[PDB]
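Presented below is the structure to which this report refers.
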């Protein structure tokens with residue numbers, strides 16, 4: 027009996043997150059994500075994910091101090107970023123840069139330094155993503171600012187100014203909501219790489235590769251491309267119906283686990299509504315409502331997190347092609363939590379196949 | 027019920043390879059690998075893995091000509107390879123190069139170009155591996171030579187001189203034996219990445235990352251480090267007893283599937299013996315023997331392919347740190363065969379977990 031896509035197969039135990047079946051609450055180390063997103067910073071959530079408890083005041087100060095001192099890219103990195111083609115997909119840049127950073131890290135292959143390594147990657151990723159987004163618009167790097175927190179800083183590095191609080195806040199929430207999600211394809215790839223005792227950079231580079239795909243993190247970018255294509259809320263009804271008759275996958279809808287709605291969506295939809303109120307986003311809110319209602323009638327399939335996220339990022343001012351690297355910026359936390367868990371309770375991940383090829387044959 | 031490490035779990039069908047059980051015979055598209063290793067070239071085996079059939083002589087001539095025409099790296103790649111730290115692990119150079127290659131490939135995200143992408147990767151990998159190996163010896167790159175076949179070209183690029191037939195033959199046999207091996211970790215990593223509809227370069231870069239670990243391809247490097255630490259066949263028994271008492275894994279022994287011998291080992295052991303007689307390697311042959319016998323007594327466990335490969339590569343003259351990248355050069359064929367099969371019969375790979383963390387708790391100040 028063949029477990030295609032490992033659907034339904036329990037593959038390991040984890041302490042990092044759970045969907046509480048009763049409420050449909052996603053929890054990170056026991057805490058509901060909707061409450062974390064409403065009340066915490068990304069720094070607190072990252073600490074929580076790594077350590078398994080909320081930080082004390084002194085712990086957060088040390089964590090924040092190390093994060094801010096780790097944001098700078100070295101001269102080798104600026105050079106690589108300036109040199110990579112500016113017409114490759116932005117996920118390629120993130121894939122190459124992380125692999126590059128791994129090579130430079132004296133502790134790359136020392137599994138006992140994972141906490142330091144994960145922190146370094148979490149801190150530098152926004153710097154790389156901002157530079158790559160900006161270089162494609164003909165713009166130079168804006169340095170990390172040690173007076174700004176994680177969310178404010180990334181925004182500052184993208185745009186040159188910290189935007190309205192409503193945008194800072196919606197962005198931060200997105201980072202919290204994307205941070206961790208069990209054994210999704212990219213976290214699972216990271217655990218497969220880790221299962222051979224390979225290093226944390228190799229695992230993240232593998233996870234970034236998995237995340238790139240249209241059926242995983244590539245969806246948020248694809249949601250926005252679609253919304254643009256639709257143009258007007260008037261077109262959505264026909265646009266959808268036609269795509270469904272071609273038996274095509276609708277981006278932003280569909281989940282392996284959730285059957286009655288993604289528990290992250292209500293938080294992000296509200297974030298989208300606030301950003302859409304502040305920045306003239308009614309058009310996309312309308313397309314949202316219509317496309318969701320038509321999907322609920324035709325298929326009964328409810329939106330996943332990538333659906334509200336796509337237009338929210340568009341409205342925040344990000345370039346569409348950078349949506350998945352921005353997902354990377356957040357999911358690095360979940361990823362590295364899982365990598366650390368896998369390394370400390372490890373077994374080689376090595377399944378079996380059924381054969382359907384040529385029967386044994388003699389060399390002619 | 028928790029399927030830790032997916033042990034014994036059948037996750038898909040493949041047409042690429044299987045082990046005939048009664049005979050413990052690894053086959054590639056139905057042909058025993060033992061036979062392919064004895065009679066074929068790596069070119070022929072790569073073609074077979076990708077196409078499902080051996081090439082006719084005409085098909086081979088053309089395929090080989092495409093392979094030789096795809097070996098070269100441009101200066102930007104050469105600058106990338108020279109810029110990377112000279113003491114990072116050689117697998118990091120391969121990991122980064124392949125990622126960079128993908129960035130440079132306008133067909134990166136087009137799955138209908140997977141065959142051509144696979145061929146380009148297979149052809150250029152040896153060029154990269156040889157440059158990086160030579161760079162650590164303080165030596166310049168040597169161009170790929172379009173008058174040499176796969177195996178001879180890599181040796182020439184490494185050493186400046188095609189060595190004697192015994193060394194060429196043993197190297198080519200190793201390339202054939204390493205090409206493909208079912209749903210091992212690195213192959214399975216490639217399939218998981220592919221399952222999201224990500225691209226062949228992302229998939230390979232993941233596989234490379236997986237192959238690196240000492241529990242997978244990193245074991246061939248680790249076997250040689252271990253043999254050098256042992257120093258002398260007399261020291262073997264004690265060195266081993268100590269490691270077993272500490273409950274450590276022994277590199278080159280253990281396998282998720284094989285229980286009564288690795289299908290590939292006897293071929294590679296004979297190739298090791300041939301190189302040994304022409305390269306003054308009795309010391310490594312004796313340590314091999316004693317270590318294998320000591321492991322059979324203490325644990326009942328037999329060597330895997332990585333055990334004979336290590337000293338074989340060392341006597342061939344390759345640097346220890348490049349052993350796993352040389353594995354990459356071969357295994358690119360199987361990986362990409364599995365990527366293409368995955369991409370053409372795809373389903374997202376997304377398993378479940380069991381939870382053992384904090385029960386639901388109230389965020390302070392709710």
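Residue numbers (PDB author numbering), protein chains in the order written: chain B, 27 to 390; chain A, 27 to 392. Yeah, the Cβ is synthetic: ideal placement off N, Cα and C, and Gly gets one too.
Short Cβ contact (8 Å threshold) for residue 205 of chain A with residue 356 of chain A: As a first step, residue 205 of chain A must be located in the second chain, where it is residue number 179. As a first step, residue 356 of chain A must be located in the second chain, where it is residue number 330. Against a cut-off of 8 Å, the Cβ pair of residue 356 of chain A and residue 205 of chain A comes out as a contact.
Distance between beta carbons of residue 266 of chain A and residue 320 of chain A, contact taken as under 8 Å: To locate residue 320 of chain A, count along the second chain from 1; it is residue 294. To locate residue 266 of chain A, count along the second chain from 1; it is residue 240. At roughly 5 Å, the Cβ-Cβ gap stays under 8 Å, so residue 320 of chain A and residue 266 of chain A are in contact.
Rounded straight-line distance, which links the Cα of residue 235 of chain B to that of residue 230 of chain A: Indexing the second chain from 1 puts residue 230 of chain A at position 204. Indexing the first chain from 1 puts residue 235 of chain B at position 209. Approximately 9 Å between the Cα atoms of the pair.
Chain-ordered chain A contacts of residue 57 of chain B [CB-CB under 7 Å]: Mapped onto the first chain, residue 57 of chain B falls at position 31. Chain A residues near residue 57 of chain B: 387 and 389.
Contact with chain B by residue 378 of chain A, beta-carbon distance below 8 Å: On the second chain, position 352 is the one that residue 378 of chain A refers to. Yes - at least one Cβ of chain B is within 8 Å of the one on residue 378 of chain A.
Separation of residue 217 of chain B from residue 126 of chain B, as counted between CA atoms: Along the first chain, one-based indexing puts residue 126 of chain B at 100. Along the first chain, one-based indexing puts residue 217 of chain B at 191. Those two C-alpha atoms are separated by around 20 Å.
Residue 388 of chain A in three-state terms, based on DSSP: The residue labelled residue 388 of chain A in the question sits at position 362 within the second chain. Of the three classes helix, strand and coil, the one that applies to residue 388 of chain A here is coil, per DSSP.
Beta-carbon proximity list for residue 192 of chain A, same chain, < 7 Å, skipping 5 on both sides: Position 166 of the second chain, counted from the first residue, corresponds to residue 192 of chain A. Excluding positions up to five away in sequence, the list reads 300, 301 and 304.
Residue-level contact to chain B via CB, residue 214 of chain A, 8 Å cutoff: Here residue 214 of chain A is taken as the residue at index 188 of the second chain, counted from 1. It does: the Cβ of residue 214 of chain A has a partner Cβ on chain B nearer than 8 Å.
Interface flag, residue 29 of chain A vs chain B, CB-CB below 8 Å: One-based indexing of the second chain puts residue 29 of chain A at position 3. Closer than 8 Å: yes.
The alpha helix (DSSP H) enclosing residue 83 of chain B, as first and last residue numbers: Numbered from its first residue, the first chain carries residue 83 of chain B at position 57. Element bounds for residue 83 of chain B: 83 to 94.
Contact set for residue 166 of chain A: own chain, Cβ-Cβ below 8 Å, skip 5 residues either direction: On the second chain, position 140 is the one that residue 166 of chain A refers to. Hits under 8 Å: 160.
8 Å Cβ cutoff, residue 221 of chain A in contact with chain B: Along the second chain, read from residue 1 onward, the residue named residue 221 of chain A stands at position 195. Taking 8 Å as the CB threshold, residue 221 of chain A lines the interface with chain B.
Range covered by the beta strand (DSSP E) that runs through residue 38 of chain A: Start at 1 with the first residue of the second chain, and residue 38 of chain A comes out as number 12. Note, residue 38 of chain A: beta strand (DSSP E), 36 to 40.
Residue 85 of chain B vs residue 69 of chain B beta-carbon contact at 8 Å: As a working mapping, residue 85 of chain B is identified with position 59 in the first chain. As a working mapping, residue 69 of chain B is identified with position 43 in the first chain. Result no, Cβ atoms of residue 85 of chain B and residue 69 of chain B do not sit closer than 8 Å.
Within the segment 146 to 210 of chain A, ranges of the beta strand (DSSP E) (whole runs, at least 3 residues): Those beta strand (DSSP E) runs which fall completely within the segment 146 to 210 of chain A and span 3+ residues do not exist here.
Beta-carbon gap between residue 374 of chain A and residue 285 of chain B smaller than 8 Å: The sequence position of residue 374 of chain A within the second chain is 348, counting from 1. The sequence position of residue 285 of chain B within the first chain is 259, counting from 1. Not closer than 8 Å, so no.
Residue interval of the beta strand (DSSP E) (run including residue 99 of chain B): The residue given as residue 99 of chain B occupies position 73 in the first chain. In the DSSP assignment, residue 99 of chain B falls outside any beta strand (DSSP E) and carries neither an H nor an E.
Residue 371 of chain B - DSSP class collapsed to helix/strand/coil: Here residue 371 of chain B corresponds to residue number 345 of the first chain, with the count starting at 1. Residue 371 of chain B falls in the coil class under three-state DSSP.
For residue 329 of chain B, three-class secondary structure by DSSP: If you number the first chain from 1, residue 329 of chain B lands on position 303. Three-state result, residue 329 of chain B: strand.
With 16 other Cβ atoms within 10 Å as the buried cut-off, status of residue 330 of chain A: Here residue 330 of chain A is taken as the residue at index 304 of the second chain, counted from 1. Residue 330 of chain A should be labelled buried.
contact_flag[the segment 44 to 55 of chain A, the segment 288 to 299 of chain A] where n(CB pairs < 8 Å) is 3 or more: yes
Any C-beta of chain B under 8 Å from that of residue 42 of chain A: Your numbering for residue 42 of chain A matches position 16 in the second chain. Chain B, which has a Cβ nearer than 8 Å to the Cβ of residue 42 of chain A, makes this yes.
Counterpart residues of residue 380 of chain B in DSSP-defined beta bridges: Translated into positions along the first chain, residue 380 of chain B becomes position 354. Answer is A/39.
Residue 349 of chain B - DSSP class collapsed to helix/strand/coil: One-based indexing of the first chain puts residue 349 of chain B at position 323. In the structure shown, residue 349 of chain B sits in a helix (DSSP, three-state: H, G or I).
Meets three-Cβ-pair contact criterion under 8 Å: the segment 257 to 273 of chain B and the segment 240 to 248 of chain A: no
Distance, residue 359 of chain A Cα to residue 295 of chain B Cα: What you label residue 295 of chain B is simply residue 269 of the first chain in a count that begins at 1. What you label residue 359 of chain A is simply residue 333 of the second chain in a count that begins at 1. Computed Cα separation, rounded: 45 Å.
Selection from B/254, B/298, B/256 and B/248 that minimises the alpha carbon distance to residue 275 of chain B: One-based indexing of the first chain puts residue 275 of chain B at position 249. Nearest C-alpha to residue 275 of chain B: B/248.
For residue 293 of chain B, the first and last residue of its enclosing alpha helix (DSSP H): Translated into the one-based positions of the first chain, residue 293 of chain B becomes position 267. Unbroken alpha helix (DSSP H) run through residue 293 of chain B: 291 to 304.
Minimum length 3: unbroken beta strand (DSSP E) runs contained in the segment 55 to 82 of chain B: If you keep only unbroken beta strand (DSSP E) runs of at least 3 residues inside the segment 55 to 82 of chain B, you get nothing at all.
Spatial neighbours of residue 81 of chain A in its chain, beta-carbon cut-off 7 Å, leaving aside the 5 residues before and after: Mapped onto the second chain, residue 81 of chain A falls at position 55. Taken in chain order, the residues that qualify are 70, 73 and 89.
Cβ-Cβ distance between residue 188 of chain A and residue 174 of chain A below 8 Å: In the second chain, counting from the first residue as 1, residue 188 of chain A sits at position 162. In the second chain, counting from the first residue as 1, residue 174 of chain A sits at position 148. Against a cut-off of 8 Å, the Cβ pair of residue 174 of chain A and residue 188 of chain A comes out as a contact.
Under 8 Å (Cβ pairs) to chain B, residues found in the segment 280 to 293 of chain A: 282 and 283
Cβ-based contacts, 7 Å cut-off: residues of the segment 316 to 330 of chain B near chain A: none
Extent of the continuous alpha helix (DSSP H) run through residue 222 of chain B: Translated into the one-based positions of the first chain, residue 222 of chain B becomes position 196. Segment: none, residue 222 of chain B is in no alpha helix (DSSP H) and carries neither H nor E.
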